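Below: one structure, written as structure tokens.
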Number of protein chains: 2
Amino acid sequence: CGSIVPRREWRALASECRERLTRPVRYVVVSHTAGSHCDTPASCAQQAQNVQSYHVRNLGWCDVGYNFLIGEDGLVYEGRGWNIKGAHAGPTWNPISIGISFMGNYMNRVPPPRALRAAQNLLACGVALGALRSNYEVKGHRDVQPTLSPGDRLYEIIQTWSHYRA
Amino acid sequence: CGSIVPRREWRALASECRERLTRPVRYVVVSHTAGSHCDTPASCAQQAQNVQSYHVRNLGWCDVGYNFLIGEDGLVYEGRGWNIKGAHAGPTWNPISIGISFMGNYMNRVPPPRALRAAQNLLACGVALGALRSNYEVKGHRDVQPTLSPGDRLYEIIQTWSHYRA
Ligand SMILES: [Cl-]
């Protein structure tokens with residue numbers, strides 16, 4: 001639908017998450033992982049594994065906190081997906097939003113156009129299959145939480161999206 | 001609809017092609033390039049460049065022969081696009097079909113799943129866009145010309161596709 005790398009394909013741990021999103025979801029929060037960057041399918045599968053591993057092993061979460069991840073390889077990586085409440089924007093925003101995270105620190109870098117396309121494609125695919133509302137609003141992670149996520153450069157770009165609302 | 005690496009991004013020569021297809025197109029013909037494979041955006045852009053180079057510079061065509069190329073990087077590379085007649089299946093099929101080529105040789109190799117997902121998603125976007133019929137039919141290159149394209153491993157795969165008609 002949006003050429004999503006399925007969890008099994010990036011060697012993900014089984015989720016234990018039970019809490020469900022009330023589709024059709026109104027909000028999208030854009031974060032960065034503030035993790036390593038990756039620009040090949042091989043490297044970006046490993047980074048998704050690395051991110052999930054911190055969340056599950058270290059923070060003791062039911063799964064990677066993000067609904068989806070974006071690599072500089074220009075592929076979307078399935079996280080908790082369309083139906084399961086995320087852990088990415090704190091308790092107010094988690095239950096009423098889909099969290100997508102660009103894999104990297106984008107304070108002093110931009111994602112490549114292909115990473116940006118993958119995210120816009122993902123969200124359309126969201127609306128297409130009825131997971132996101134037609135009129136969904138995109139928010140920066142820093143617009144709902146005290147953080148520099150998604151990074152100054154990435155935040156500047158998402159500000160220009162037709163669906164962005166400060 | 002969907003994510004596609006635009007011509008400018010893989011540094012395509014300007015097309016000189018003028019003949020248009022009639023929407024909606026009924027047939028998709030799946031080929032392999034029988035060339036080098038690539039599994040990173042950087043290598044797959046270069047490879048799209050190399051295929052265009054052979055077609056334009058050596059064969060004397062107006063553009064890369066295919067409507068779209070599939071990389072093992074999991075990205076779709078824009079060729080002639082949805083509206084412009086290609087040069088991939090000969091004078092009887094070129095006027096009535098969309099030509100998509102997997103970059104590589106699939107005689108012994110199967111394309112990775114992300115290359116296969118990129119291909120199927122592209123076709124759904126063609127239907128979404130009105131470029132392809134809802135009831136479009138998928139052909140192997142070898143079903144419409146005397147060739148080994150799209151290679152035995154890939155051919156075996158596209159025969160499993162819901163829209164595949166020998
Ligand atoms: Cl938790």
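Each chain in the structure tokens gets a letter, A, B and so on, in the order shown; residues start at 1 in every chain, and ligands are counted from 1 in the order they appear.
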Moved chain A, fitted on chain B by every C-alpha in sequence order, as a CSV table (one decimal) with N, CA and C atoms, in the first residue's frame:
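Okay, selection_2.csv is ready:
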```
chain,number,residue,atom,x,y,z
A,1,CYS,N,2.7,9.4,-4.8
A,1,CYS,CA,1.6,8.4,-5.0
A,1,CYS,C,2.0,7.0,-4.9
A,2,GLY,N,3.2,6.6,-5.4
A,2,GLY,CA,3.8,5.3,-5.3
A,2,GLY,C,5.3,5.5,-5.0
A,3,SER,N,5.7,6.6,-4.3
A,3,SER,CA,7.1,6.9,-3.9
A,3,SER,C,8.0,6.7,-5.1
A,4,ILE,N,7.7,7.3,-6.2
A,4,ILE,CA,8.5,7.2,-7.5
A,4,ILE,C,9.6,8.2,-7.4
A,5,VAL,N,10.9,7.7,-7.5
A,5,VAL,CA,12.1,8.6,-7.8
A,5,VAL,C,11.9,9.3,-9.1
A,6,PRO,N,11.8,10.7,-9.1
A,6,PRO,CA,11.5,11.4,-10.4
A,6,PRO,C,12.8,11.4,-11.3
A,7,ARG,N,12.6,11.6,-12.6
A,7,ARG,CA,13.7,11.4,-13.6
A,7,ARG,C,14.9,12.3,-13.1
A,8,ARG,N,14.7,13.5,-12.7
A,8,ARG,CA,15.7,14.5,-12.4
A,8,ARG,C,16.5,14.0,-11.2
A,9,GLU,N,15.9,13.3,-10.3
A,9,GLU,CA,16.5,12.8,-9.1
A,9,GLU,C,17.6,11.7,-9.4
A,10,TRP,N,17.3,10.8,-10.4
A,10,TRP,CA,18.4,9.9,-10.9
A,10,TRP,C,19.3,10.4,-12.0
A,11,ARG,N,19.2,11.8,-12.2
A,11,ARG,CA,20.1,12.5,-13.2
A,11,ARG,C,19.8,12.1,-14.6
A,12,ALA,N,18.6,11.8,-15.0
A,12,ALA,CA,18.2,11.3,-16.3
A,12,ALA,C,18.4,12.4,-17.4
A,13,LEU,N,18.7,11.9,-18.6
A,13,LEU,CA,18.7,12.8,-19.8
A,13,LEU,C,17.2,13.2,-20.1
A,14,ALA,N,17.0,14.4,-20.6
A,14,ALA,CA,15.7,14.8,-21.1
A,14,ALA,C,15.1,13.8,-22.1
A,15,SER,N,13.8,13.5,-22.0
A,15,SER,CA,13.2,12.6,-23.0
A,15,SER,C,13.0,13.4,-24.3
A,16,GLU,N,12.9,12.8,-25.4
A,16,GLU,CA,12.5,13.4,-26.7
A,16,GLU,C,11.2,12.7,-27.2
A,17,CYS,N,10.6,11.8,-26.4
A,17,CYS,CA,9.5,10.9,-26.9
A,17,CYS,C,8.2,11.8,-27.0
A,18,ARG,N,7.4,11.6,-28.1
A,18,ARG,CA,6.2,12.3,-28.3
A,18,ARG,C,4.9,11.4,-28.3
A,19,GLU,N,5.0,10.2,-28.8
A,19,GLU,CA,3.9,9.2,-28.9
A,19,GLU,C,3.3,9.0,-27.5
A,20,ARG,N,2.0,9.0,-27.4
A,20,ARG,CA,1.2,9.0,-26.2
A,20,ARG,C,0.4,7.7,-26.0
A,21,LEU,N,0.5,7.1,-24.8
A,21,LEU,CA,-0.4,6.0,-24.4
A,21,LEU,C,-1.9,6.5,-24.4
A,22,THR,N,-2.8,5.7,-24.9
A,22,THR,CA,-4.3,5.9,-24.7
A,22,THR,C,-4.7,5.3,-23.4
A,23,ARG,N,-4.5,6.2,-22.3
A,23,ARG,CA,-5.0,5.8,-20.9
A,23,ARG,C,-6.5,5.7,-21.0
A,24,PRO,N,-7.2,4.7,-20.3
A,24,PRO,CA,-6.6,3.9,-19.2
A,24,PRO,C,-6.0,2.6,-19.8
A,25,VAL,N,-4.8,2.3,-19.5
A,25,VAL,CA,-4.0,1.2,-20.2
A,25,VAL,C,-4.5,-0.1,-19.6
A,26,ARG,N,-4.6,-1.1,-20.5
A,26,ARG,CA,-5.1,-2.5,-20.1
A,26,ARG,C,-4.0,-3.4,-19.7
A,27,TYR,N,-2.8,-3.3,-20.2
A,27,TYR,CA,-1.7,-4.4,-20.0
A,27,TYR,C,-0.5,-3.8,-19.3
A,28,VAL,N,0.1,-4.7,-18.5
A,28,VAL,CA,1.4,-4.4,-17.9
A,28,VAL,C,2.4,-5.5,-18.3
A,29,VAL,N,3.5,-5.2,-18.9
A,29,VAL,CA,4.6,-6.2,-19.2
A,29,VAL,C,5.7,-6.0,-18.2
A,30,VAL,N,6.1,-7.1,-17.5
A,30,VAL,CA,7.2,-7.2,-16.6
A,30,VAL,C,8.4,-7.8,-17.3
A,31,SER,N,9.5,-7.0,-17.4
A,31,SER,CA,10.8,-7.4,-17.9
A,31,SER,C,11.8,-7.4,-16.8
A,32,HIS,N,13.0,-7.9,-17.1
A,32,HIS,CA,14.3,-7.5,-16.3
A,32,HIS,C,15.1,-6.7,-17.2
A,33,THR,N,16.1,-6.0,-16.7
A,33,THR,CA,17.0,-5.2,-17.6
A,33,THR,C,18.1,-6.1,-18.1
A,34,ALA,N,18.3,-7.3,-17.6
A,34,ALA,CA,19.4,-8.2,-17.8
A,34,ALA,C,20.7,-7.3,-17.6
A,35,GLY,N,20.6,-6.3,-16.8
A,35,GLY,CA,21.8,-5.4,-16.5
A,35,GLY,C,22.3,-5.8,-15.1
A,36,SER,N,23.2,-4.9,-14.6
A,36,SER,CA,23.7,-5.1,-13.2
A,36,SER,C,22.5,-4.9,-12.2
A,37,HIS,N,22.7,-5.5,-11.0
A,37,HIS,CA,21.8,-5.3,-9.9
A,37,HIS,C,22.4,-4.2,-9.0
A,38,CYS,N,21.5,-3.7,-8.1
A,38,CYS,CA,21.8,-2.5,-7.3
A,38,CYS,C,20.8,-2.6,-6.1
A,39,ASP,N,21.2,-2.3,-4.9
A,39,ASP,CA,20.3,-2.5,-3.8
A,39,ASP,C,20.4,-1.3,-2.8
A,40,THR,N,20.9,-0.2,-3.3
A,40,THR,CA,21.0,1.1,-2.5
A,40,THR,C,20.5,2.2,-3.4
A,41,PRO,N,19.8,3.3,-2.9
A,41,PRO,CA,19.3,4.4,-3.7
A,41,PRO,C,20.4,4.9,-4.6
A,42,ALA,N,21.6,5.1,-4.1
A,42,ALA,CA,22.8,5.6,-4.8
A,42,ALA,C,23.0,4.6,-6.0
A,43,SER,N,23.2,3.3,-5.8
A,43,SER,CA,23.5,2.3,-6.8
A,43,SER,C,22.4,2.3,-7.9
A,44,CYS,N,21.2,2.3,-7.5
A,44,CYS,CA,20.0,2.1,-8.4
A,44,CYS,C,19.7,3.3,-9.2
A,45,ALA,N,20.0,4.5,-8.7
A,45,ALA,CA,20.0,5.8,-9.5
A,45,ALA,C,21.0,5.7,-10.7
A,46,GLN,N,22.2,5.1,-10.4
A,46,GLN,CA,23.3,5.0,-11.3
A,46,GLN,C,23.0,3.9,-12.4
A,47,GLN,N,22.3,2.8,-12.0
A,47,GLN,CA,21.9,1.8,-12.9
A,47,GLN,C,20.9,2.3,-13.9
A,48,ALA,N,19.9,3.1,-13.4
A,48,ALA,CA,18.8,3.7,-14.2
A,48,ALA,C,19.4,4.6,-15.3
A,49,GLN,N,20.4,5.4,-14.8
A,49,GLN,CA,21.3,6.3,-15.7
A,49,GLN,C,22.0,5.4,-16.8
A,50,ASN,N,22.6,4.3,-16.3
A,50,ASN,CA,23.4,3.3,-17.2
A,50,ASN,C,22.4,2.8,-18.2
A,51,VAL,N,21.2,2.4,-17.8
A,51,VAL,CA,20.2,1.7,-18.7
A,51,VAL,C,19.8,2.8,-19.7
A,52,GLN,N,19.4,3.9,-19.3
A,52,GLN,CA,18.9,5.0,-20.2
A,52,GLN,C,20.0,5.4,-21.2
A,53,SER,N,21.3,5.4,-20.7
A,53,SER,CA,22.4,5.8,-21.5
A,53,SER,C,22.6,4.8,-22.7
A,54,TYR,N,22.5,3.5,-22.4
A,54,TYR,CA,22.6,2.5,-23.5
A,54,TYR,C,21.5,2.8,-24.5
A,55,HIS,N,20.2,2.9,-24.1
A,55,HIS,CA,19.0,3.1,-24.9
A,55,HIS,C,19.2,4.4,-25.8
A,56,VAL,N,19.6,5.5,-25.2
A,56,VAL,CA,19.6,6.8,-25.8
A,56,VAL,C,20.9,6.9,-26.7
A,57,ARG,N,22.1,6.8,-26.1
A,57,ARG,CA,23.4,6.9,-26.7
A,57,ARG,C,23.6,5.8,-27.8
A,58,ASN,N,23.4,4.5,-27.4
A,58,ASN,CA,23.8,3.3,-28.2
A,58,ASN,C,22.7,3.0,-29.2
A,59,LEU,N,21.4,2.8,-28.7
A,59,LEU,CA,20.3,2.4,-29.6
A,59,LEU,C,19.6,3.6,-30.2
A,60,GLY,N,19.9,4.8,-29.8
A,60,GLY,CA,19.4,6.0,-30.4
A,60,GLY,C,17.9,6.2,-30.2
A,61,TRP,N,17.4,5.7,-29.0
A,61,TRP,CA,16.0,5.9,-28.6
A,61,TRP,C,15.7,7.2,-28.0
A,62,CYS,N,14.4,7.7,-28.0
A,62,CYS,CA,14.0,9.0,-27.5
A,62,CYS,C,14.1,9.0,-26.0
A,63,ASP,N,14.2,7.9,-25.3
A,63,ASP,CA,14.4,7.8,-23.8
A,63,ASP,C,14.6,6.3,-23.4
A,64,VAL,N,14.9,6.1,-22.2
A,64,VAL,CA,14.9,4.7,-21.6
A,64,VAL,C,13.6,4.1,-22.1
A,65,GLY,N,13.6,2.8,-22.5
A,65,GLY,CA,12.5,2.2,-23.2
A,65,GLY,C,11.3,1.9,-22.2
A,66,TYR,N,11.6,1.7,-20.9
A,66,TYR,CA,10.6,1.3,-19.9
A,66,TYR,C,9.9,2.5,-19.4
A,67,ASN,N,8.6,2.2,-19.1
A,67,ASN,CA,7.7,3.2,-18.4
A,67,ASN,C,8.2,3.4,-17.0
A,68,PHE,N,8.6,2.4,-16.3
A,68,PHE,CA,9.2,2.4,-14.9
A,68,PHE,C,10.2,1.4,-14.7
A,69,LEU,N,11.1,1.6,-13.8
A,69,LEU,CA,12.2,0.6,-13.4
A,69,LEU,C,12.1,0.3,-11.9
A,70,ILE,N,12.4,-0.9,-11.5
A,70,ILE,CA,12.4,-1.3,-10.1
A,70,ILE,C,13.8,-1.7,-9.6
A,71,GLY,N,14.3,-1.1,-8.5
A,71,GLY,CA,15.6,-1.5,-7.9
A,71,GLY,C,15.4,-2.5,-6.8
A,72,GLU,N,16.5,-3.2,-6.5
A,72,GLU,CA,16.5,-4.1,-5.3
A,72,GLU,C,16.6,-3.2,-4.1
A,73,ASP,N,16.6,-1.8,-4.2
A,73,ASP,CA,16.5,-0.8,-3.1
A,73,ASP,C,15.1,-0.7,-2.7
A,74,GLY,N,14.1,-1.3,-3.4
A,74,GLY,CA,12.7,-1.2,-3.1
A,74,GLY,C,12.0,0.1,-3.5
A,75,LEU,N,12.7,0.9,-4.4
A,75,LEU,CA,12.1,2.1,-5.0
A,75,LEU,C,11.8,1.9,-6.5
A,76,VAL,N,10.7,2.6,-6.9
A,76,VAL,CA,10.4,2.7,-8.4
A,76,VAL,C,11.1,3.9,-8.9
A,77,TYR,N,11.7,3.8,-10.1
A,77,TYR,CA,12.4,4.8,-10.9
A,77,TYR,C,11.6,5.2,-12.1
A,78,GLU,N,11.2,6.5,-12.2
A,78,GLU,CA,10.4,7.0,-13.3
A,78,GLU,C,11.2,6.9,-14.6
A,79,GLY,N,10.6,6.2,-15.6
A,79,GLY,CA,11.1,6.1,-16.9
A,79,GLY,C,10.2,7.0,-17.8
A,80,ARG,N,9.6,6.5,-18.9
A,80,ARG,CA,8.7,7.3,-19.7
A,80,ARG,C,7.4,7.5,-19.0
A,81,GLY,N,7.2,7.0,-17.8
A,81,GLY,CA,6.0,7.3,-17.0
A,81,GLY,C,4.7,6.8,-17.6
A,82,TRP,N,3.5,7.3,-17.1
A,82,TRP,CA,2.2,6.7,-17.3
A,82,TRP,C,1.6,7.0,-18.7
A,83,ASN,N,2.1,8.1,-19.3
A,83,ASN,CA,1.4,8.8,-20.4
A,83,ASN,C,2.1,8.5,-21.8
A,84,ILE,N,3.3,8.1,-21.8
A,84,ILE,CA,4.2,8.0,-23.0
A,84,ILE,C,4.4,6.6,-23.4
A,85,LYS,N,4.1,6.2,-24.7
A,85,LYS,CA,4.4,4.8,-25.2
A,85,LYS,C,5.9,4.5,-25.0
A,86,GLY,N,6.1,3.3,-24.5
A,86,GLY,CA,7.4,2.7,-24.2
A,86,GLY,C,8.0,2.0,-25.4
A,87,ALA,N,9.2,1.5,-25.2
A,87,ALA,CA,10.0,0.6,-26.1
A,87,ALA,C,10.6,-0.5,-25.3
A,88,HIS,N,9.8,-1.6,-25.1
A,88,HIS,CA,10.1,-2.6,-24.1
A,88,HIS,C,9.6,-4.0,-24.5
A,89,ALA,N,8.5,-4.1,-25.3
A,89,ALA,CA,7.8,-5.3,-25.6
A,89,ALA,C,7.5,-5.4,-27.2
A,90,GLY,N,8.2,-4.7,-28.0
A,90,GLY,CA,8.1,-4.7,-29.4
A,90,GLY,C,6.8,-4.0,-29.9
A,91,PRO,N,6.5,-3.9,-31.2
A,91,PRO,CA,5.5,-2.9,-31.7
A,91,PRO,C,4.1,-3.3,-31.4
A,92,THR,N,3.8,-4.6,-31.2
A,92,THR,CA,2.4,-5.0,-30.9
A,92,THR,C,2.0,-4.6,-29.5
A,93,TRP,N,2.9,-4.6,-28.5
A,93,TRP,CA,2.6,-4.5,-27.0
A,93,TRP,C,2.9,-3.1,-26.5
A,94,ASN,N,3.9,-2.5,-27.1
A,94,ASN,CA,4.4,-1.1,-26.7
A,94,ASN,C,3.2,-0.1,-26.6
A,95,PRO,N,2.3,-0.1,-27.6
A,95,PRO,CA,1.3,1.0,-27.6
A,95,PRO,C,0.0,0.7,-26.8
A,96,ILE,N,0.0,-0.5,-26.1
A,96,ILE,CA,-1.3,-0.9,-25.4
A,96,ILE,C,-0.9,-1.5,-24.0
A,97,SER,N,0.3,-1.1,-23.5
A,97,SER,CA,0.8,-1.6,-22.2
A,97,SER,C,1.8,-0.6,-21.5
A,98,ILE,N,1.9,-0.7,-20.2
A,98,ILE,CA,3.0,-0.1,-19.4
A,98,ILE,C,4.0,-1.2,-19.2
A,99,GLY,N,5.3,-0.8,-19.5
A,99,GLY,CA,6.4,-1.7,-19.2
A,99,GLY,C,7.1,-1.4,-18.0
A,100,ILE,N,7.2,-2.3,-17.0
A,100,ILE,CA,8.0,-2.1,-15.8
A,100,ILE,C,9.2,-3.2,-15.9
A,101,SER,N,10.4,-2.7,-15.5
A,101,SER,CA,11.6,-3.6,-15.6
A,101,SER,C,12.3,-3.6,-14.3
A,102,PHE,N,12.5,-4.8,-13.7
A,102,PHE,CA,13.4,-5.0,-12.6
A,102,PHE,C,14.9,-5.0,-13.0
A,103,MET,N,15.7,-4.2,-12.3
A,103,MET,CA,17.0,-3.8,-12.7
A,103,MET,C,18.0,-4.9,-12.1
A,104,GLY,N,18.5,-5.8,-13.1
A,104,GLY,CA,19.1,-7.0,-12.7
A,104,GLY,C,18.8,-8.1,-13.7
A,105,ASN,N,19.5,-9.2,-13.6
A,105,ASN,CA,19.2,-10.5,-14.3
A,105,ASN,C,18.6,-11.5,-13.2
A,106,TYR,N,17.4,-12.0,-13.4
A,106,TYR,CA,16.6,-12.8,-12.4
A,106,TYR,C,16.4,-14.2,-13.0
A,107,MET,N,17.3,-14.7,-13.8
A,107,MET,CA,17.4,-16.1,-14.3
A,107,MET,C,17.7,-17.0,-13.0
A,108,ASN,N,18.6,-16.6,-12.2
A,108,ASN,CA,19.1,-17.4,-11.1
A,108,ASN,C,19.1,-16.7,-9.8
A,109,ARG,N,18.3,-15.6,-9.7
A,109,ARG,CA,18.1,-14.8,-8.5
A,109,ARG,C,16.6,-14.3,-8.4
A,110,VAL,N,16.0,-14.1,-7.3
A,110,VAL,CA,14.7,-13.4,-7.2
A,110,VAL,C,15.0,-12.0,-6.7
A,111,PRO,N,14.1,-11.1,-7.1
A,111,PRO,CA,14.0,-9.7,-6.5
A,111,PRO,C,13.7,-9.9,-5.0
A,112,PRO,N,14.2,-9.0,-4.1
A,112,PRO,CA,13.8,-9.0,-2.7
A,112,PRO,C,12.3,-8.6,-2.6
A,113,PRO,N,11.6,-9.1,-1.5
A,113,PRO,CA,10.2,-8.7,-1.3
A,113,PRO,C,10.0,-7.2,-1.4
A,114,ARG,N,10.9,-6.3,-1.1
A,114,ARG,CA,10.7,-4.8,-1.2
A,114,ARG,C,10.6,-4.4,-2.7
A,115,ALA,N,11.4,-5.0,-3.6
A,115,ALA,CA,11.3,-4.8,-5.0
A,115,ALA,C,9.9,-5.2,-5.5
A,116,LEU,N,9.5,-6.4,-5.1
A,116,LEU,CA,8.1,-6.9,-5.4
A,116,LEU,C,7.0,-6.0,-4.9
A,117,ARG,N,7.1,-5.5,-3.6
A,117,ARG,CA,6.1,-4.6,-3.1
A,117,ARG,C,6.0,-3.3,-3.9
A,118,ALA,N,7.2,-2.7,-4.2
A,118,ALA,CA,7.3,-1.5,-5.0
A,118,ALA,C,6.5,-1.6,-6.3
A,119,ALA,N,6.6,-2.7,-7.0
A,119,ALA,CA,6.0,-3.0,-8.3
A,119,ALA,C,4.5,-3.1,-8.1
A,120,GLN,N,4.0,-3.8,-7.0
A,120,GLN,CA,2.6,-4.0,-6.7
A,120,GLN,C,2.0,-2.6,-6.3
A,121,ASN,N,2.7,-1.9,-5.5
A,121,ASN,CA,2.3,-0.5,-5.1
A,121,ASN,C,2.2,0.3,-6.4
A,122,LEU,N,3.3,0.3,-7.2
A,122,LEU,CA,3.3,1.1,-8.4
A,122,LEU,C,2.0,0.9,-9.2
A,123,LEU,N,1.6,-0.3,-9.4
A,123,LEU,CA,0.4,-0.7,-10.3
A,123,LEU,C,-0.9,-0.2,-9.7
A,124,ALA,N,-1.0,-0.4,-8.4
A,124,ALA,CA,-2.2,0.1,-7.6
A,124,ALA,C,-2.3,1.6,-7.8
A,125,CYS,N,-1.2,2.3,-7.6
A,125,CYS,CA,-1.0,3.8,-7.8
A,125,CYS,C,-1.4,4.1,-9.2
A,126,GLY,N,-1.0,3.3,-10.2
A,126,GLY,CA,-1.5,3.4,-11.6
A,126,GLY,C,-3.0,3.5,-11.7
A,127,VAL,N,-3.7,2.4,-11.2
A,127,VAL,CA,-5.2,2.3,-11.2
A,127,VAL,C,-5.7,3.6,-10.4
A,128,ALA,N,-5.2,3.8,-9.2
A,128,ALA,CA,-5.6,4.9,-8.3
A,128,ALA,C,-5.6,6.2,-9.1
A,129,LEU,N,-4.6,6.6,-9.9
A,129,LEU,CA,-4.6,7.9,-10.7
A,129,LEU,C,-5.2,7.7,-12.0
A,130,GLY,N,-5.7,6.5,-12.4
A,130,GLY,CA,-6.5,6.3,-13.7
A,130,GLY,C,-5.7,6.0,-14.9
A,131,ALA,N,-4.3,5.7,-14.7
A,131,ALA,CA,-3.4,5.4,-15.8
A,131,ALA,C,-3.6,3.9,-16.2
A,132,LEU,N,-3.8,3.0,-15.3
A,132,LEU,CA,-4.1,1.6,-15.5
A,132,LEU,C,-5.6,1.3,-15.3
A,133,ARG,N,-6.2,0.5,-16.2
A,133,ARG,CA,-7.6,-0.1,-16.0
A,133,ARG,C,-7.6,-0.8,-14.6
A,134,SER,N,-8.8,-0.8,-14.0
A,134,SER,CA,-9.1,-1.5,-12.7
A,134,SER,C,-8.7,-3.0,-12.8
A,135,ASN,N,-9.0,-3.6,-14.0
A,135,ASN,CA,-8.9,-5.0,-14.3
A,135,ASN,C,-7.6,-5.3,-15.1
A,136,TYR,N,-6.6,-4.5,-15.0
A,136,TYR,CA,-5.4,-4.5,-15.9
A,136,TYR,C,-4.8,-6.0,-15.8
A,137,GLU,N,-4.2,-6.5,-16.9
A,137,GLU,CA,-3.6,-7.8,-17.0
A,137,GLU,C,-2.0,-7.7,-16.9
A,138,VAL,N,-1.4,-8.4,-16.1
A,138,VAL,CA,0.1,-8.5,-16.0
A,138,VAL,C,0.6,-9.7,-16.9
A,139,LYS,N,1.5,-9.4,-17.8
A,139,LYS,CA,2.2,-10.3,-18.7
A,139,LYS,C,3.7,-10.3,-18.4
A,140,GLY,N,4.3,-11.5,-18.5
A,140,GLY,CA,5.8,-11.6,-18.6
A,140,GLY,C,6.3,-11.2,-20.0
A,141,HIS,N,7.4,-10.5,-20.0
A,141,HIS,CA,8.1,-10.1,-21.3
A,141,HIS,C,8.2,-11.3,-22.2
A,142,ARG,N,8.6,-12.5,-21.6
A,142,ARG,CA,8.7,-13.7,-22.4
A,142,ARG,C,7.4,-14.2,-22.9
A,143,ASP,N,6.2,-13.7,-22.4
A,143,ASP,CA,4.9,-14.1,-22.9
A,143,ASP,C,4.4,-13.3,-24.1
A,144,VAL,N,5.2,-12.3,-24.6
A,144,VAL,CA,4.8,-11.5,-25.7
A,144,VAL,C,5.9,-11.3,-26.7
A,145,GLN,N,7.1,-11.8,-26.4
A,145,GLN,CA,8.4,-11.6,-27.2
A,145,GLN,C,9.3,-12.9,-26.9
A,146,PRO,N,10.2,-13.2,-27.9
A,146,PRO,CA,11.1,-14.3,-27.7
A,146,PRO,C,12.3,-13.9,-26.9
A,147,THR,N,12.2,-14.1,-25.6
A,147,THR,CA,13.2,-13.7,-24.6
A,147,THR,C,13.1,-14.5,-23.3
A,148,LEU,N,14.2,-14.5,-22.6
A,148,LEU,CA,14.2,-15.1,-21.2
A,148,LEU,C,13.7,-14.1,-20.2
A,149,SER,N,13.8,-12.8,-20.4
A,149,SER,CA,13.2,-11.7,-19.6
A,149,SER,C,11.8,-12.1,-19.2
A,150,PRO,N,11.3,-12.0,-18.0
A,150,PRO,CA,12.1,-11.4,-16.9
A,150,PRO,C,13.0,-12.2,-16.0
A,151,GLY,N,13.5,-13.3,-16.5
A,151,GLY,CA,14.3,-14.3,-15.8
A,151,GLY,C,13.4,-15.4,-15.2
A,152,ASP,N,13.9,-16.6,-15.1
A,152,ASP,CA,13.0,-17.8,-14.7
A,152,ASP,C,12.4,-17.5,-13.4
A,153,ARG,N,13.2,-17.1,-12.4
A,153,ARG,CA,12.8,-16.9,-11.0
A,153,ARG,C,11.8,-15.8,-10.8
A,154,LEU,N,12.0,-14.7,-11.5
A,154,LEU,CA,11.0,-13.6,-11.4
A,154,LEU,C,9.7,-13.9,-12.1
A,155,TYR,N,9.8,-14.6,-13.2
A,155,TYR,CA,8.7,-15.1,-14.0
A,155,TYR,C,7.8,-16.0,-13.2
A,156,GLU,N,8.4,-16.9,-12.5
A,156,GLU,CA,7.7,-17.9,-11.6
A,156,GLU,C,6.8,-17.1,-10.6
A,157,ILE,N,7.4,-16.0,-10.0
A,157,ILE,CA,6.7,-15.2,-9.0
A,157,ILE,C,5.5,-14.5,-9.6
A,158,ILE,N,5.7,-13.8,-10.8
A,158,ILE,CA,4.6,-12.9,-11.4
A,158,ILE,C,3.5,-13.8,-11.8
A,159,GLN,N,3.8,-15.1,-12.2
A,159,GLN,CA,2.8,-16.1,-12.5
A,159,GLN,C,1.8,-16.2,-11.4
A,160,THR,N,2.1,-16.0,-10.1
A,160,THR,CA,1.3,-16.2,-8.9
A,160,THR,C,0.5,-14.9,-8.6
A,161,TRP,N,0.8,-13.8,-9.3
A,161,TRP,CA,0.0,-12.5,-9.0
A,161,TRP,C,-1.4,-12.7,-9.5
A,162,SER,N,-2.4,-12.0,-8.8
A,162,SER,CA,-3.8,-12.1,-9.0
A,162,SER,C,-4.2,-11.6,-10.4
A,163,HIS,N,-3.4,-10.6,-10.9
A,163,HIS,CA,-3.6,-9.9,-12.2
A,163,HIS,C,-2.9,-10.7,-13.3
A,164,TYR,N,-2.0,-11.7,-13.0
A,164,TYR,CA,-1.2,-12.3,-14.1
A,164,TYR,C,-2.1,-13.1,-15.0
A,165,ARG,N,-1.9,-13.0,-16.4
A,165,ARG,CA,-2.6,-13.8,-17.4
A,165,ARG,C,-1.5,-14.3,-18.4
A,166,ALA,N,-1.3,-15.7,-18.5
A,166,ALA,CA,-0.4,-16.3,-19.4
A,166,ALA,C,-0.7,-15.9,-20.8
```
Residues flagged strand (DSSP E) by DSSP in range 8-166 of chain B, as a list in words:
residues 25, 26, 27, 28, 29, 30, 31, 32, 68, 69, 70, 76, 77, 78, 97, 98, 99, 100, 101, 102, 132, 133, 134, 135, 136, 137, 138, 139 and 140 of chain B
Generate the output file for the selected residues, C-alpha atoms, as a compact mmCIF listing (two decimals), in the first residue's frame.
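Wrote out-v3.txt, looks like this:
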```txt
# COMPACT_ATOMS: atom_id res chain seq x y z
CA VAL B 25 -4.01 1.07 -20.30
CA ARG B 26 -5.10 -2.61 -20.10
CA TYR B 27 -1.67 -4.41 -20.05
CA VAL B 28 1.49 -4.35 -17.90
CA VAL B 29 4.56 -6.19 -19.27
CA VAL B 30 7.18 -7.18 -16.61
CA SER B 31 10.82 -7.37 -17.86
CA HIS B 32 14.31 -7.65 -16.31
CA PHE B 68 9.27 2.55 -14.83
CA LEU B 69 12.24 0.59 -13.36
CA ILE B 70 12.31 -1.36 -10.04
CA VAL B 76 10.51 2.76 -8.28
CA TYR B 77 12.53 4.80 -10.85
CA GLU B 78 10.52 7.04 -13.17
CA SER B 97 0.98 -1.59 -22.39
CA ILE B 98 2.91 -0.20 -19.42
CA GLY B 99 6.47 -1.63 -19.34
CA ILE B 100 8.12 -2.11 -15.91
CA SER B 101 11.65 -3.58 -15.70
CA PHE B 102 13.41 -4.99 -12.57
CA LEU B 132 -4.29 1.53 -15.61
CA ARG B 133 -7.69 -0.21 -15.85
CA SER B 134 -9.04 -1.67 -12.54
CA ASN B 135 -8.99 -5.01 -14.48
CA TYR B 136 -5.45 -4.52 -15.95
CA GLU B 137 -3.53 -7.72 -16.92
CA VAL B 138 0.15 -8.48 -16.07
CA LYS B 139 2.29 -10.22 -18.75
CA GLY B 140 5.82 -11.63 -18.61
```
